[PDB]
Each structure stands twice: as C-alpha cells, then as structure tokens.
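Q: Quick one, structure for this:
(chains A, B and C)
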Amino acid sequence: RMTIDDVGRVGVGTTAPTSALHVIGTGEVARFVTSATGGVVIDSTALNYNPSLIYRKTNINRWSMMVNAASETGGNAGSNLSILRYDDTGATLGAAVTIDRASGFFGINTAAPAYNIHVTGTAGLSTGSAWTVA
Amino acid sequence: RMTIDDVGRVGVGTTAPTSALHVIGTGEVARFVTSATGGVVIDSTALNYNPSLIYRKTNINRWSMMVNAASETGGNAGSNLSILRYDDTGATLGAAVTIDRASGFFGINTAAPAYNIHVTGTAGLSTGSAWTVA
Amino acid sequence: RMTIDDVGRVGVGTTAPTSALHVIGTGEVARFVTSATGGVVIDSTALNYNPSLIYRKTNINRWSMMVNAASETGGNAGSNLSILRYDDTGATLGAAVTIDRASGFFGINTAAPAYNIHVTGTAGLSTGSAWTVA
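A: Numbering: from 1, shown residues only, chains lettered A, B, ... in the order given. Dropping the coordinates below:
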C-alpha cells in the first residue's frame, strides 16, 4: 500500500510513484483537517516558480488554478491568479480567468484586466441588457 | 501520531484515518512546495470520475471546485470546471459557477454558458448601468 | 528525504518539516488519484475555523481560496466562498471574489453580493456597452 522509491518519492496506493508524494484512493483520497483557520499551502522556492493546483483526467491536463510568473516589480505587481484550461491532449488553451494581485481586477479571457470586471468577448444576461445600479 | 492502518490508510496526526491519506494539524496542515510548476495534482483513473477539491466544516460539505463529468465528445468539449455550493447539511445547492473547457465561457448560475460571461438572474454594478466599451 | 520529528510532523524531501505534512519536489510534488468522483478534502474542526487553500511564494501569502468567516446562522447563511489576494509581504489585500453559499450570488470585490453578479467598481466589455439578453 505504501512504498518509498530510491530517488525519494513516497507512494500511497501504488508501488511506482511519479511525484514526491503520490496517493491512490477512492473517493476522498486525502483529507487535511485543521483545528484553526488554515488548510493546505501550495508554496514555491522562488518568486519565478508557479504554485499550481492541477485537475487531470486519465493523467491528462484538464484545468488548473495557478499563480503565474508575472514578475513582482514592486507595489504588489506580478504573481497574479489564473484559471487555465487545456485541450483533450493536455496543451494549454489559455487563461480562462485572470485576477490581478495589486488591483483585484477580475478578467474573463483577459490577460491584463483594466476594470473590476473586464470581459474580452460576449456578455449575456438572462433578465435584460443593463446592469442594476447597486 | 503517524499511523498506517491494515486496509492501507495513512494517518498523520490521527490513528483512525478515513481517507487514504488523512492529515490533522493546526493552521498549516500540509505544505506542498515546488521548484517549477506544480504543487497538488488531482487526477482520476477514468474520464467519468470527477477530480474535486472539497471544502468541509465539521466534516460537512460547504464548497467544492471540480471537473464535472460532462461527456468529452471531442474538440475539447466536456470536462468543464464547476464551483458548487452545499446547504447546511452538506447537500448540493448547485453549480454556482461553470467554465466551459472548449470555449472558456464563464457561466454564473448558468450550467450552459453561451457567452464569454453568461449570467442567469440579476446584474449589479456600483458605478452605473452599462459596460464600458473596452 | 523523509523524516518524522519530535512534534511528529512528516516531511518529504525536507528534514525541517514546518507543517503536519511537508512535501517539496521537482514539478508535480503531490498527485492525488481517485478511482471514483472525489479528491482532496480540506476540513475544519469547528464552524468558525475556516478551511483554506493558500498559494504562497517563498512561504509568503499570494492568493487564497477559502471558506470565509461569515457566521452560519441558519438557512445556509455564512461560510461563503472567497478568493483573497495578498500583498508582497503576505498581508491580506482584499477579497477579489466572493460567492454566497445561500444564494449562489457572485460578487466581484463584494463580500455580500446582492445580485447574481454584483460588481463593486468598473466594468469593461470588449464587444460593446450592453449585455446580450439571453
């Protein structure tokens, strides 16, 4: 059920691990329970590396939420959040969503959003053509 | 503290692990660091098994971000990214957000987004009633 | 490159574990594979402890997806979903995205969205000034 490879890779549910930690399971594979506000951290060793949460089917890329390598030039620039989609073979089809760290601007199909919501494409509303002035 | 049960469930910080990996902590329960792009890869062994990140409170479903089981019919159709909300007992309230993998279309309360942003219901904007022509 | 220490924290690839589980690897780092719909669960032990997925860079907060601190007072109130952003020194900068658990309302820069999409700020659309009635 659990093995440790010569290079240094820990496999749970498998004897041939592919990652540092490789867990095989049914249903809830891993459960991380905290006695306080917190959870799982995805960290990087350098600001030019991208911490990613990657959703795969049949080990083929499908979706991912990551912190991109936009450089931190000062004033909270760079390291923005992006939700990326991938084709049926695992090659990136582009950032579906991008949130800028410094401004919080939410871009749909937009790499550099200049508005609080910035949509590049078409917009559909089920109830009318105008926003409601909140 | 660390325990390896007979069925094959590794419990870190607990003796009765319910998942294949079951980690218990305070604050930072788990930390996954990368030296490139990666961190947490959620994979499934078949195209009709949905890889999910599940947020729970007192072991009751609150939220989830997953790749749904929409049929991959070709041309990057299917396997879309859904964010789901659950009621106070943990039962699903529906996909609050759905992004199409083929198109990148972003549906808010819209299971079949037809526009780059597609909202079903009301739209509220603090700064007026129209989109700014970008 | 796998140790257990006094406080019983398991570290993989490190010998100084700082969390209950601490993994560092080249690339993927941790892969959770499920044989059925399921994946990783982040849980808490009380309704006021908030499960979170925290993206850091050099162990400094950059982004967050977490169940927020709104009080569960009945009718699926409270414990909304939040995408938070942090400044260059890891301090909270603001909740970019907030989804109401009870209503599914999607607020951009709005902690209590009162519309299916509630935007506090400006809105830019590439194709025009108006929604397309769906």
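Q: Is residue A:98 in a helix, a strand, or coil?
A: Secondary structure, DSSP: H, G, I helix; E, B strand; the rest coil: residue A:98 is strand.
Q: I'd guessed it sits against residue A:111; true?
A: Yes: using CB atoms under 8 Å, residue A:98 makes contact with residue A:111 at a distance of 5.9 Å. Yep, even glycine has a C-beta here, placed from its N, CA and C like the rest.
Q: Among these two, which residue is more densely surrounded?
A: The neighbour count for residue A:98 versus residue A:111, taken as other CB atoms under 10 Å in any protein chain shown, is higher for residue A:98 (23 against 15).
Q: And that one, how close does it get to residue A:120?
A: 10 Å (CB to CB, to the nearest Å).
Q: How is chain A partitioned into domains?
A: A:1-30, A:45-121 (automatic domain parsing).
Q: so how far is the longest one off the chain centroid?
A: Taking CA atoms, centre = their mean, to the nearest Å, the mean C-alpha location of domain A:45-121 is offset from the chain mean by 7 Å.
Q: all strands for chain A, in order.
A: A:2-4, A:10-12, A:21-25, A:28-34, A:38-44, A:51-57, A:60-67, A:81-86, A:92-99, A:106-108, A:117-119, A:123-125, A:132-133 (DSSP state E).
Q: wait, which of the domains of chain A is closest to residue B:7?
A: When these are compared by CB to CB, domain A:1-30 sits nearest residue B:7, at 8.1 Å.
Q: And the closest one, end to end?
A: 15 Å (CA to CA, to the nearest Å).
Q: So which bits of it are buried?
A: Neighbour counts using 16 or more other CB atoms under 10 Å in any protein chain shown place A:1-2, A:9-13, A:17-30 of domain A:1-30 among the buried residues.
Q: Out of these, which are close to chain B?
A: Among those, the ones lying near chain B by CB under 8 Å from any CB of the partner chain are A:1-2, A:12-13, A:19, A:21, A:23-30.
Q: Can you name the residues that contact residue A:71?
A: By CB atoms under 8 Å, 6 or more residues apart in numbering or on different chains, residue A:71 lies in contact with A:47-48, A:77-78.
Q: what about the residue in chain A positioned nearest to chain B, how many residues close to it?
A: Closest to chain B within chain A is residue A:121: 2.7 Å, counting by CB to the nearest CB. Applying other CB under 10 Å, we find 17 other residues in the vicinity of residue A:121.
Q: Excluding covalently adjacent residues, which one is nearest to it?
A: Counting by CB to CB, 6 or more residues apart in numbering or on different chains, residue A:121 lies nearest to residue B:116, which is 2.7 Å off, once chain neighbours are set aside.
Q: Quick check, that neighbour in contact with residue B:105.
A: Yes: the criterion here is CB under 8 Å, and residue B:116 meets it with residue B:105 at 5.8 Å.
Q: anything in contact with each of those two?
A: Contact criterion CB under 8 Å, 6+ apart; residues bridging residue B:116 and residue B:105 by contacting each: residue A:121.
Q: State the distance from residue A:5 to residue A:20.
A: From residue A:5 to residue A:20 the distance is 10 Å (CB to CB).
Q: cool, and residue A:47?
A: 21 Å.
Q: contacting residues for residue A:42?
A: With CB under 8 Å, 6+ apart, residue A:42 has these contacts: A:51-53, B:32, B:34, B:39-40, C:53-56.
Q: try residue A:69
A: A:48-50, A:78-79.
Q: just the buried members of those?
A: By 16+ other CB under 10 Å, those give A:49-50, A:78-79 as buried.
Q: which one of those is nearest chain C?
A: residue A:79 (5.0 Å).
Q: If you drop the residues flanking it in sequence, what lies closest to residue A:9?
A: residue A:17 (4.2 Å).
Q: So that neighbour sits against residue A:6, correct?
A: No: Residue A:17 is beyond contact range of residue A:6, at 11.2 Å (criterion: CB under 8 Å).
Q: related to what we said a few turns ago, okay if I get the strands of chain A as a markdown table plus distance to residue C:62?
A: Conversion of the strands of chain A to a markdown table gives the following (distance: least, CB to CB, whole Å):
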| stretch | distance to residue C:62 |
| --- | --- |
| strand A:2-4 | 31 |
| strand A:10-12 | 27 |
| strand A:21-25 | 22 |
| strand A:28-34 | 19 |
| strand A:38-44 | 9 |
| strand A:51-57 | 8 |
| strand A:60-67 | 5 |
| strand A:81-86 | 8 |
| strand A:92-99 | 11 |
| strand A:106-108 | 16 |
| strand A:117-119 | 21 |
| strand A:123-125 | 29 |
| strand A:132-133 | 33 |
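Q: ok, residue A:65 to residue B:1 distance?
A: Where residue B:1 is concerned, residue A:65 sits at a distance of 31 Å (CB to CB).
Q: what separates residue A:129 from chain C, distance-wise?
A: Separation of residue A:129 from chain C (CB to the nearest CB, to the nearest Å) stands at 4 Å.
Q: That residue: what's it in contact with?
A: C:130-133.
Q: tell me the contacts of the residue lying closest to it once chain neighbours are set aside?
A: If you skip the residues right next to it in sequence, residue A:129 has residue C:130 as its closest partner in space, 4.3 Å away by CB to CB, 6+ apart. Listed by CB under 8 Å, 6+ apart, the contact set of residue C:130 reads A:123, A:129-130, B:130-131.
Q: ok, and of the buried ones among the contacts of residue A:69, which contact chain C?
A: A:49, A:79.
Q: Spatially, which two of the buried ones among the contacts of residue A:69 are the most separated?
A: A:49 and A:78 (12.6 Å).
Q: circling back to that earlier point, so which of the contacts of residue A:42 is the closest to residue C:72?
A: Nearest member of the contacts of residue A:42 to residue C:72, counting by CB to CB, is residue C:53, at 20.0 Å.
Q: does that closest one really touch residue A:52, like I thought?
A: No: look at residue C:53 against residue A:52 with CB under 8 Å: they stay out of range, at 11.5 Å.
Q: How much space separates the residue lying closest to residue A:33 once chain neighbours are set aside from residue B:57?
A: Of all residues not flanking residue A:33 in the chain, residue C:43 sits nearest, at 4.2 Å (CB to CB, 6+ apart). For residue C:43, the distance to residue B:57 (CB to CB) stands at 7 Å.
Q: Show me whatever sits in contact with both of those two.
A: residue C:51.
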